[PDB]
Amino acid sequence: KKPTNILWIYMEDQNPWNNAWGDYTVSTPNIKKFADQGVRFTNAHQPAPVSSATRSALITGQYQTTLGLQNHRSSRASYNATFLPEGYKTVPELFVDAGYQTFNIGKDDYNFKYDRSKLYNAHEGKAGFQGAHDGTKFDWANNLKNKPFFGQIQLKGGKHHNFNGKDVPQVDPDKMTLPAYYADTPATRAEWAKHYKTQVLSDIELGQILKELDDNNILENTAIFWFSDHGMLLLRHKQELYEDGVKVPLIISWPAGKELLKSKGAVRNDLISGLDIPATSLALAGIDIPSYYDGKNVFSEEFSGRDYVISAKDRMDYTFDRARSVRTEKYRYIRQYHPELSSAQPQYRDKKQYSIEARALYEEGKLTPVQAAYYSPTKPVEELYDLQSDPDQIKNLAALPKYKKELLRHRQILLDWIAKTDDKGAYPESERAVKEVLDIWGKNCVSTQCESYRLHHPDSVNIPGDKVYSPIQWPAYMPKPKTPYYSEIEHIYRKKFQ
């Protein structure tokens, strides 16, 4: 027995602050039911804490660092291009070859160039944000009720702002309990309260999709994967490698096979990677998992939980940095490759009130040492956290002789992973890639990489990159589509940021 369809319900920027995880701050009845009749994973760790790196990893089936897709965002300009290897199959292409209809409604946001019609054959693409393709809305549930499909539905998750419905409860910022590493500021409490409100909106949106499936008699035969790309928007969640930056909600539901999926436990606490989502989607559909994919079928008789899970952070917008984390059963380890750069480096959230207010308290000397660690001008080279005693990860154990054995063990796990994958974050980005950062962000970039670029190009620094550099021609095995929006997504230059 196998499901007829695979569906990813794919949310942005959301942690599982809902009833199925035991949080009754707000009411999330659809999610609670959905989890009760499916399999809920309490230890699903995405390989990145930011959109394009996680989404590129999951769609290619490998850590984003292995194929050079790690930098958020990259390969968007006309003059800077990453193409997947000749013969390579992304997860949608594997479903296409097996005869499925494929679609992704909403953003792709992949850090390579591609003919979208080869991935998603059931609808048209259009231009998205910052060089991304988006898939157009269409009546997927009716058009494909008699056609096996692999689909994705992109939802806003933590990026929702529409709280005007009568169903959205009051959440008092004054009654929020903030973790000890965040400054207690009005805008920080407000974002905490707002993230709870987005749980109700995700609950509503989950209900909409299940109803559409039921109305078209494809509820029973569809395996749904329900997860987010990374944690919520505050400064030590999204963009960072702590527990709730990368650990995401995940529920898997296949009503006609629910007893099979539940065999290993309806609540799954073993370590899995987000990379196991595409591998399990293929296995459930009956499609061989390519040898080069990193993920596993989490429902196979052989799968007993990962010994460790890796996450990676690299460049984010104009913030150049590199760090890697190893999560074992009991510890989280972070290796910092730029200890000379502050975690409070300039970044895209710098004009948000929650960031302004926190930084202000730091400069006035009013933060606790736990709150101020983020703002110190340097980082430790290694962090190690005992997650049972220190779930907020505020007690670095890496300098304690009692923990040197665990530190060395985690340090070598990372080395094993770098050696076998040749982590491409070890190598500096090309000058053409730096120019793409400058096209989009201009004077916001203050990195050593950007200052070096400007010194080297005094006559063209503010000229749009597609007037400085020749376009990259696409490979013979993947000709460039003539579809107009492929030109649109490459117009990344923003005059206002120069």
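Numbering starts at 1 and runs along the sequence shown.
Trainee: Could you check the entry and say whether 256 to 264 or 357 to 365 has the higher mean CA B-factor?
Mentor: Result: 256 to 264.
Trainee: Which has higher Cα B-factors on average according to the PDB entry: 303 to 311 or 227 to 235?
Mentor: Mean C-alpha B-factor is greater for 303 to 311.
Trainee: Per the PDB entry, which option out of 97, 108, 240, 203 has the greatest Cα B factor?
Mentor: That would be 97, according to the entry.
Trainee: Between 138, 337, 403, 114, which one tops the list for C-alpha B-factor in the PDB entry?
Mentor: Highest CA B-factor of the listed options: 403.
Trainee: Can you work out whether the C-alpha temperature factor of residue 469 puts it in the lowest, middle or highest third of the chain?
Mentor: For residue 469, whose C-alpha B-factor we compare with every modelled residue in the chain, the answer is the highest third.
Trainee: Divide the modelled residues of the chain into thirds by Cα B-factor and specify which third, lowest, middle or highest, holds residue 65.
Mentor: Its C-alpha B-factor, which the entry lists for residue 65, ranks in the lowest third among residues of this chain.
Trainee: Ranking the modelled residues of this chain by C-alpha B-factor as given in the entry, is residue 179 in the lowest, middle or highest third?
Mentor: Its C-alpha B-factor belongs to the highest third of this chain's values.
Trainee: How does residue 216 rank on Cα B-factor within its chain, lowest, middle or highest third?
Mentor: CA B-factor rank for residue 216: highest third.
Trainee: Please place residue 331 in the lowest, middle or highest third of its chain according to the CA B-factor in the PDB entry.
Mentor: Middle third by C-alpha B-factor.
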